[PDB]
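Just one chain is shown here, as structure tokens, and it is the form deposited in one PDB entry.
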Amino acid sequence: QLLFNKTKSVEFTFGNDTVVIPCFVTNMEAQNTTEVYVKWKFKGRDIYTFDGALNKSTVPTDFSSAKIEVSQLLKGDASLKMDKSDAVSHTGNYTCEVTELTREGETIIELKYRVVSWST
């Protein structure tokens, strides 16, 4: 399998304009992005996919801001980036699934909203 540097959860507040969901493969050994496939699942639904063979990123229109920095894939970084409107409407557990040729693996991260104090 592909092995991960696991984070149980990440928190964001009213203050985050954008949010990052970490995903880090520790034994990534890919030479090219054509060898890689990425799936980000939110409550079992695919909300971001990257098909390396077609260099194609796909997101449903309710998750329009969802993206990964494709250049970081060879480093094992498949972290998901989204804007606050998508984060606030999709809090909960995410699964990050990565495939490199025939090796595969996944990890779960909870995106948690934290209510804090603000000055008008």
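Superpose the two forms; the largest set of C-alphas matching within 1.5 Å is the rigid core. Only residues modelled in both forms are compared. Residue numbers run from 1 along the displayed sequence.
Can you tell me which stretch has the higher mean Cα B-factor, 63-71 or 91-99? Averaged over C-alpha atoms, the B-factors run higher in 63-71.
Comparing against every modelled residue in the chain, figure out the third that the C-alpha B-factor of residue 43 lands in (lowest, middle or highest). According to the entry, residue 43 has a C-alpha B-factor in the chain's highest third.
Chain-wide C-alpha B factor ranking for residue 56, given as lowest, middle or highest third: According to the entry, residue 56 has a C-alpha B-factor in the chain's highest third.
The same protein has a further form, the form deposited in another entry, not shown here; the description that follows concerns it.
Using the core for the fit, does the CA position of residue 10 change by 2 Å or more between the shown form and the other one? It does not reach a 2 Å shift.
Is the C-alpha displacement of residue 99 equal to or greater than 2 Å between the shown form and the other one once the rigid core has been superposed? Shift at residue 99: below 2 Å after core fit.
Superpose the two forms on their rigid core, then report whether the C-alpha of residue 109 is displaced by 2 angstroms or more between the shown form and the other one. Comparing the forms between the shown form and the other one, which are aligned on their rigid core, residue 109 does shift its C-alpha by 2 Å or more.
Core superposition done; which regions of 3+ residues show CA shifts of at least 2 Å throughout between the shown form and the other one? 102-115 is the only stretch that shifts between the shown form and the other one.
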